[PDB]
Amino acid sequence: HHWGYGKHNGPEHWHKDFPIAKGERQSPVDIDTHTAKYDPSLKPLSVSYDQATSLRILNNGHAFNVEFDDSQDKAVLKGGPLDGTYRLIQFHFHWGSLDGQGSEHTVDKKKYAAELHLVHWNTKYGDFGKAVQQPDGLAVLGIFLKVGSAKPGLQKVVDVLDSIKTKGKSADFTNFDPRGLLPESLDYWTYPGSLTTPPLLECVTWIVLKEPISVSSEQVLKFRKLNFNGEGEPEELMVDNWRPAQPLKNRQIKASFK
Ligand SMILES: COc1cc(OC)c([C@H]2C=C(Nc3ccc(S(N)(=O)=O)cc3)C(=O)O2)cc1OC
Ligand SMILES: [Zn+2]
């Protein structure tokens, strides 16, 4: 009876095995655009992905992860709210059964069709497992997806999903350029929060881009053909793998822009 997104093991159950689910800095949150304060002391954001080394794509039963070589500073996030250097280790998405839901963060309670998370760890803790034990251990760059025009930089991901349909399947995924997933603008919102899946650790500086990317209905339909289940188990479509908005509590969301 491990955690997931069903009625019997979904986000309302997680607190039973992971009590930090009801903690003070849980993610995601609703971003109230009229309450978020422009902070003129936020430095520009530095996304330096030109030397990024992608290796593998994995269906982990909750999402699919595109994994990077993080054994050196190759693909890093710096600046904005961050001190020091955060190494890209993986990206993944959360998405819905229909275009009206799927994002984890919301903007004035608006839900996007999906949300991309680019996950980075703070190099001053040496490895990822050490970083997630620290309040400033991770930086996740969150990017909303809306359904419209195709994202060309996403199609190599979409076309490999048939090969990793079920939990525990992986495929070689070299020479993938994550810069193809970014919007034009790096304007963002930032707040301190958590992992959005168990173990829900309160180790994340969230950086959520204001500008969504557009993907096509055909691209997101292929996300929805993935399976949560292992091969030769009953088919459960991988849809609605998003946690809903958590209480903001004693936190302030900061805007990079006026
Ligand atoms: C208790 O120790 C661990 C358990 C554990 O899973 C049960 C894990 C898992 C969780 C991991 N990471 C992760 C989860 C959510 C996000 S999101 N959606 O962007 O907020 C980003 C990263 C990971 O790599 O692995 C990591 C752990 O330690 C490193
Ligand atoms: Zn995520």
Side-chain angles (χ1 to χ4, degrees), residues 1-5 9-11 13-21 23 25-31 55-71 75 77 82 86-96 101-106 111-123 125-145 157 167-168 170 178 181 188-209 212-213 220 223 226 228 238-246 251:
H1 194 83
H2 208 217
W3 68 267
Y5 296 94
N9 61 357
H13 291 272
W14 295 351
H15 68 102
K16 291 178 277 173
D17 282 289
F18 304 96
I20 202 175
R25 64 170 271 189
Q26 288 291 291
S27 296
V29 304
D30 182 53
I31 300 164
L55 286 174
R56 198 181 66 145
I57 191 177
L58 167 70
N59 179 334
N60 67 14
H62 311 292
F64 62 86
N65 292 346
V66 174
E67 301 164 346
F68 287 81
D69 176 13
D70 65 340
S71 67
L77 184 74
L82 300 175
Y86 288 69
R87 214 171 269 178
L88 175 67
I89 178 175
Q90 55 105 330
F91 71 75
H92 64 270
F93 302 80
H94 312 261
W95 61 92
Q101 65 185 220
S103 67
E104 294 209 305
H105 293 91
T106 54
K111 298 180 163 79
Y112 288 89
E115 189 175 326
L116 169 59
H117 292 161
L118 294 128
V119 179
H120 313 75
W121 58 273
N122 196 331
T123 61
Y125 296 125
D127 68 58
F128 177 90
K130 283 300 251 279
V132 300
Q133 299 176 55
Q134 302 297 336
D136 60 348
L138 300 193
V140 185
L141 181 55
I143 304 177
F144 294 121
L145 277 64
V157 173
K167 179 169 8 72
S170 71
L181 297 179
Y188 64 86
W189 296 283
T190 188
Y191 75 98
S194 76
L195 303 181
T196 70
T197 67
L200 298 167
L201 295 167
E202 294 184 331
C203 58
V204 180
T205 300
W206 277 100
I207 303 170
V208 177
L209 296 187
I213 57 167
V220 63
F223 282 24
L226 293 164
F228 286 125
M238 186 177 283
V239 300
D240 292 320
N241 58 353
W242 52 272
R243 193 188 191 194
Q246 304 300 309
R251 291 182 287 179

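Positions are given from 1 along the sequence. In listed order, ligands and their atoms are each counted from 1. Scope of the values below: all heavy atoms of this structure, side chains included, with no hydrogens, waters or symmetry mates.
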Cationic N near anionic O, under 4.0 Å, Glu202 to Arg25 =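 The answer is no: the pair does not qualify as a salt bridge.
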Geometric class of the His2/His62 ring pair [parallel <30°, tilted 30-60°, perpendicular >60°] |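 Aromatic pair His62/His2 classed tilted.
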Hey, can you tell me if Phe91 and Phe68 have their rings parallel, tilted or perpendicular (30° and 60° cut-offs)?
->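 If you compare the ring of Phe91 with that of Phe68, the planes turn out tilted.
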Minimum non-hydrogen distance to [atom], winning option of [options]:
atom                    : options                : value
atom 13 (C) of ligand 1 : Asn65, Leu116, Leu195  : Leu195
atom 14 (C) of ligand 1 : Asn241, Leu201, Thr197 : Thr197
atom 4 (C) of ligand 1  : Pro198, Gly137, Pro199 : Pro199

Protein non-hydrogen atom found under 4.0 Å from atom 19 (O) of ligand 1 =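 When distances to the protein are checked, atom 19 (O) of ligand 1 has a heavy atom within 4.0 Å.
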Counting N and O atoms only, with roles assigned by atom type, does the side chain of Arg87 sit under 3.5 Å from a partner on the main chain of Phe128, one being a donor and the other an acceptor?
->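 Here the side-chain-to-backbone pair does not exist.
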Applying side-chain hydrogen bond (donor to acceptor under 3.5 Å, both in side chains) between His94 and each of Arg243, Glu115, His117, report the one that passes.
->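 By the side-chain hydrogen bond (donor to acceptor under 3.5 Å, both in side chains) criterion, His94 pairs with just one of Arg243, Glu115, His117: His117.
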What protein heavy atom is closest to atom 21 (C) of ligand 1, reported as residue, atom name and distance in Å?
->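 Looking at atom 21 (C) of ligand 1, the protein heavy atom closest to it is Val119 CG2, 3.8 Å.
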Among protein heavy atoms, which sits nearest to atom 12 (N) of ligand 1, and what does the distance come to when rounded to 0.1 Å?
->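 Checked against all protein heavy atoms, atom 12 (N) of ligand 1 sits closest to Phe128 CZ, 3.9 Å.
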Which atoms from ligand 1 have a heavy atom of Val132 less than 4.0 Å away?
->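 So the atoms of ligand 1 that pass are 28 (O), 29 (C).
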Hey, which atoms in ligand 1 end up nearer than 4.0 Å to a heavy atom of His94?
->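 Going through ligand 1 atom by atom, the ones under 4.0 Å from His94 are 18 (N).
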Rounded to the nearest 0.5 Å, what separation is found between the OH atom of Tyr86 and the CG atom of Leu141?
->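 Here the interatomic distance stands at 13.0 Å.
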Evaluate the side chain to side chain contact (heavy atoms under 4.5 Å, CB included) criterion for residues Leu88 and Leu77: first the C-alpha distance (whole Å), next the side-chain angles of each, then the deciding distance (0.1 Å), finally the verdict.
-> CA-CA 7 Å; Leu88 175 67; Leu77 184 74; over 6 Å; no
Looking at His117, which of its N, O or S atoms is the nearest one to the Zn ion (ligand 2)?
->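 Among the N, O or S atoms of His117, the one closest to the Zn ion (ligand 2) is ND1.
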If you measure from each non-hydrogen atom of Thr196 to ligand 1, which part falls under 4.0 Å: side chain, backbone, both or neither?
->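 The part of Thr196 near ligand 1 is both the backbone and the side chain.
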Using a 4.0 Å heavy-atom cut-off, say whether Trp206 meets ligand 1 through its side chain, its backbone, both or neither.
->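 It is the side chain that gets close, since no backbone atom is under 4.0 Å.
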Among side-chain atoms of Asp70 and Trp121, is any donor-acceptor pair under 3.5 angstrom?
->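 A donor-acceptor contact under 3.5 Å links the two side chains.
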